[PDB]
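Trainee: Right, I'll just put the structure down here and ask away after.
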Amino acid sequence: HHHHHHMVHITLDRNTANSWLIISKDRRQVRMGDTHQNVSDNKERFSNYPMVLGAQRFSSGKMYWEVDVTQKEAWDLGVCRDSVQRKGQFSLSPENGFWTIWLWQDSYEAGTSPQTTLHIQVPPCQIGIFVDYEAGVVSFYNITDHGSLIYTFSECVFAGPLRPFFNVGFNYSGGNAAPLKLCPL
Ligand SMILES: O=C(NC1CC1)c1cnn2cccnc12
C-alpha cells in the first residue's frame with residue numbers, strides 16, 4: 001500500500017473503556033487489569049468485553065493508523081459507528097456497526113456475519129488500519145510482512161461518524177496480558 005501519508009494521531013477515550021482496562025498516561029496503550037480499576041460506571045462503557053474506543057470521530061476523508069499486537073493470543077481491531085451498543089452481549093458485524101478483524105485460538109478472521117477465514121503467512125506484530133469514508137472502504141495491512149493486504153471491507157454502510165475500535169481480549173490463559181499500543185507515525 002501507500003496510505004501512511006493519511007496518518008492520524010489516535011488516542012484512547014478512557015470514558016468508553018471497560019472498567020477492567022488500564023490506559024497509559026499518554027492514552028496510546030491499553031491492557032487488561034487483573035481486577036476492576038476503581039472508576040465509576042457510565043453509559044459509554046463497554047460492559048461485557050474488554051473494549052475501548054478512540055477519542056477521534058471521522059465522518060469524511062481518508063485515515064490510517066497502526067497498532068502493535070506483539071505476543072497477544074486474542075484481540076479485535078478496526079472501526080465502529082459512534083452509536084454501537086455498549087451494554088450486554090452482541091456480535092461484531094457490519095449489521096451491528098463494526099468493521100473488524102481478530103485473532104482467536106491461532107486463527108485470524110474478519111468480522112463478517114458469518115465470520116470469514118483470513119490467510120496470513122507471517123503472523124503480524126503490527127496491523128495497519130485504513131478507512132476511506134467516501135469510498136466506503138476499511139482495509140487491514142500486515143506491517144510485519146511489508147504492508148501486505150489482510151482484508152478489505154467494501155460497500156460499507158457507515159451510517160454515521162466512525163470511531164477507532166479496540167478489544168485487548170480476556171486473559172483466562174495467563175498468556176494474553178500484553179497491551180495493544182498505538183504505533184508512532
Ligand atoms: O457495511 C456493510 N456491509 C459491507 C461491509 C461489507 C453493511 C452494514 N450494514 N449492512 C446491512 C446490510 C448489508 N450490508 C451492511
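Chain lettering (A, B, ...) mirrors the order of the C-alpha cells, residue numbering begins at 1 for each chain separately, and ligand numbering begins at 1 in order of display.
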If we count only C-alpha atoms and set the cut-off at 10 Å, which residues sit around segment 136-147 of chain A, ignoring sequence neighbours fewer than 5 positions away in its own chain? Please answer as an mmCIF file with C-alpha atoms, in the first residue's frame.

Mentor:
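Heads up, here's the output in around33.cif:
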```cif
data_model
loop_
_atom_site.group_PDB
_atom_site.id
_atom_site.type_symbol
_atom_site.label_atom_id
_atom_site.label_comp_id
_atom_site.auth_asym_id
_atom_site.auth_seq_id
_atom_site.Cartn_x
_atom_site.Cartn_y
_atom_site.Cartn_z
ATOM 1 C CA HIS A 1 0.000 0.000 0.000
ATOM 2 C CA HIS A 2 0.919 3.776 0.079
ATOM 3 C CA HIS A 3 -1.621 5.002 2.774
ATOM 4 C CA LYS A 62 -9.014 9.010 4.426
ATOM 5 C CA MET A 63 -7.461 7.960 7.792
ATOM 6 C CA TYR A 64 -4.647 5.476 8.615
ATOM 7 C CA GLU A 66 -1.079 1.265 13.193
ATOM 8 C CA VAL A 67 -1.491 -0.986 16.248
ATOM 9 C CA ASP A 68 1.113 -3.221 17.946
ATOM 10 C CA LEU A 77 -9.247 -4.231 15.891
ATOM 11 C CA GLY A 78 -10.951 -1.927 13.419
ATOM 12 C CA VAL A 79 -13.586 0.866 13.415
ATOM 13 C CA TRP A 99 -15.723 -3.309 10.657
ATOM 14 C CA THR A 100 -13.150 -5.537 12.411
ATOM 15 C CA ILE A 101 -10.654 -8.406 12.224
ATOM 16 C CA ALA A 110 -12.758 -10.911 9.542
ATOM 17 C CA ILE A 120 -1.876 -14.703 6.754
ATOM 18 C CA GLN A 121 1.515 -16.445 6.054
ATOM 19 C CA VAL A 122 3.502 -14.154 8.507
ATOM 20 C CA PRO A 123 1.765 -13.695 11.925
ATOM 21 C CA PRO A 124 1.557 -9.879 12.329
ATOM 22 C CA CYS A 125 3.245 -7.940 15.184
ATOM 23 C CA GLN A 126 1.747 -4.630 13.833
ATOM 24 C CA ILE A 127 -1.549 -4.051 11.916
ATOM 25 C CA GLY A 128 -2.305 -1.008 9.740
ATOM 26 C CA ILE A 129 -5.958 0.149 9.508
ATOM 27 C CA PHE A 130 -7.081 2.318 6.565
ATOM 28 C CA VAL A 131 -10.517 3.945 6.259
ATOM 29 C CA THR A 152 -10.867 -5.206 2.625
ATOM 30 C CA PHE A 153 -14.468 -4.421 3.619
ATOM 31 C CA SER A 154 -16.077 -2.607 0.662
ATOM 32 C CA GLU A 155 -19.530 -1.096 0.013
ATOM 33 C CA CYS A 156 -19.524 -0.269 3.775
ATOM 34 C CA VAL A 157 -22.690 1.406 5.193
ATOM 35 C CA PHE A 158 -21.069 3.509 7.951
#
```

Trainee: Could you pull out the strand (DSSP E or B) residues of segment 45-119 of chain A, going by DSSP on the backbone, and write them as a PyMOL selection string?

Mentor: chain A and resi 51-54+58+62-68+75-81+98-104+107-110+116-117

Trainee: Please produce a file of those selected residues containing N, CA and C atoms, as a short mmCIF file (atom, residue, chain, number, x, y, z; two decimals), in the first residue's frame.

Mentor:
```cif
data_model
loop_
_atom_site.label_atom_id
_atom_site.label_comp_id
_atom_site.auth_asym_id
_atom_site.auth_seq_id
_atom_site.Cartn_x
_atom_site.Cartn_y
_atom_site.Cartn_z
N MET A 51 -13.25 -3.86 25.80
CA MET A 51 -13.25 -2.93 24.64
C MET A 51 -13.09 -1.46 25.04
N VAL A 52 -12.58 -0.66 24.11
CA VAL A 52 -12.44 0.80 24.31
C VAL A 52 -12.41 1.42 22.91
N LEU A 53 -12.85 2.66 22.82
CA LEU A 53 -12.84 3.44 21.55
C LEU A 53 -11.74 4.48 21.55
N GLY A 54 -11.29 4.82 20.36
CA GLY A 54 -10.52 6.06 20.16
C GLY A 54 -11.37 7.30 20.40
N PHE A 58 -14.66 10.31 12.92
CA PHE A 58 -14.38 10.53 11.46
C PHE A 58 -15.70 10.44 10.68
N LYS A 62 -9.81 10.23 4.33
CA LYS A 62 -9.01 9.01 4.43
C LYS A 62 -8.17 9.13 5.69
N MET A 63 -8.13 8.05 6.47
CA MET A 63 -7.46 7.96 7.79
C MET A 63 -6.69 6.64 7.88
N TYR A 64 -5.50 6.66 8.45
CA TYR A 64 -4.65 5.48 8.62
C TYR A 64 -4.00 5.53 10.00
N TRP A 65 -3.96 4.38 10.66
CA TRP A 65 -3.17 4.25 11.90
C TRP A 65 -2.67 2.80 12.05
N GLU A 66 -1.72 2.59 12.97
CA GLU A 66 -1.08 1.26 13.19
C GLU A 66 -1.17 0.86 14.65
N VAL A 67 -1.36 -0.43 14.89
CA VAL A 67 -1.49 -0.99 16.25
C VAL A 67 -0.52 -2.14 16.44
N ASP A 68 0.21 -2.12 17.55
CA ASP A 68 1.11 -3.22 17.95
C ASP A 68 0.32 -4.27 18.71
N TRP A 75 -7.37 -10.71 20.29
CA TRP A 75 -7.67 -9.25 20.17
C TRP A 75 -8.67 -9.04 19.05
N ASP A 76 -9.34 -7.89 19.03
CA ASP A 76 -10.16 -7.41 17.90
C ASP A 76 -9.71 -5.97 17.60
N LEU A 77 -9.60 -5.59 16.33
CA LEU A 77 -9.25 -4.23 15.89
C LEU A 77 -10.13 -3.82 14.71
N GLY A 78 -10.38 -2.53 14.63
CA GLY A 78 -10.95 -1.93 13.42
C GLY A 78 -11.58 -0.59 13.72
N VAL A 79 -12.77 -0.36 13.18
CA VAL A 79 -13.59 0.87 13.41
C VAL A 79 -15.02 0.45 13.73
N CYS A 80 -15.76 1.37 14.32
CA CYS A 80 -17.20 1.15 14.57
C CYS A 80 -17.95 2.46 14.52
N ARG A 81 -19.27 2.35 14.36
CA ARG A 81 -20.18 3.52 14.48
C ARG A 81 -20.07 4.10 15.88
N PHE A 98 -19.90 -2.58 13.20
CA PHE A 98 -18.44 -2.86 13.38
C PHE A 98 -17.79 -3.35 12.10
N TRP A 99 -16.57 -2.88 11.79
CA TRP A 99 -15.72 -3.31 10.66
C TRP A 99 -14.37 -3.72 11.22
N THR A 100 -14.25 -5.03 11.53
CA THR A 100 -13.15 -5.54 12.41
C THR A 100 -12.53 -6.83 11.86
N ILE A 101 -11.29 -7.06 12.29
CA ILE A 101 -10.65 -8.41 12.22
C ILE A 101 -10.20 -8.79 13.63
N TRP A 102 -9.89 -10.07 13.78
CA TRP A 102 -9.46 -10.58 15.10
C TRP A 102 -8.55 -11.77 15.00
N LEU A 103 -7.84 -12.00 16.11
CA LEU A 103 -7.13 -13.24 16.40
C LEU A 103 -7.88 -13.96 17.52
N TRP A 104 -8.09 -15.26 17.34
CA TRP A 104 -8.74 -16.09 18.37
C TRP A 104 -8.27 -17.53 18.16
N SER A 107 -6.25 -18.67 14.98
CA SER A 107 -6.81 -18.30 13.65
C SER A 107 -7.17 -16.80 13.57
N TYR A 108 -6.93 -16.22 12.40
CA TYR A 108 -7.33 -14.81 12.11
C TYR A 108 -8.61 -14.84 11.30
N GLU A 109 -9.57 -13.97 11.63
CA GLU A 109 -10.90 -13.93 10.96
C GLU A 109 -11.38 -12.49 10.82
N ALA A 110 -12.09 -12.20 9.73
CA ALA A 110 -12.76 -10.91 9.54
C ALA A 110 -14.18 -11.00 10.13
N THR A 116 -15.33 -14.61 8.36
CA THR A 116 -14.52 -15.01 7.20
C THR A 116 -13.11 -15.38 7.62
N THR A 117 -12.66 -16.56 7.22
CA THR A 117 -11.26 -17.03 7.38
C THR A 117 -10.26 -16.14 6.66
#
```

Trainee: Using only C-alpha atoms and all ligand atoms, which of A:175, A:180, A:92, A:106 sits nearest ligand 1?

Mentor: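 Among the listed residues, A:92 lies closest to ligand 1.
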
Trainee: Between A:172, A:93, A:114, A:167, which residue has the minimum interatomic distance to ligand 1, considering only C-alpha atoms and all ligand atoms?

Mentor: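 Smallest separation from ligand 1 among the options: A:93.
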
Trainee: Restricting the calculation to only C-alpha atoms: of A:47, A:19, A:59, A:91, which residue gets closest to residue 163 of chain A?

Mentor: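 Among A:47, A:19, A:59, A:91, it is A:59 that comes nearest to residue 163 of chain A.
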
Trainee: Which of these, A:6, A:45, A:72, A:119, has the shortest distance to residue 84 of chain A once you count only C-alpha atoms?

Mentor: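 Closest to residue 84 of chain A, using only C-alpha atoms: A:45.
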
Trainee: Using only C-alpha atoms and all ligand atoms, pick whichever of A:15, A:115, A:176, A:148 has the shortest atom-to-atom distance to ligand 1.

Mentor: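 Among A:15, A:115, A:176, A:148, it is A:115 that comes nearest to ligand 1.
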
Trainee: Atom CA of residue 55 of chain A to atom CA of residue 83 of chain A: how many Å, to one decimal?

Mentor: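 Distance reported for this atom pair: 13.7 Å.
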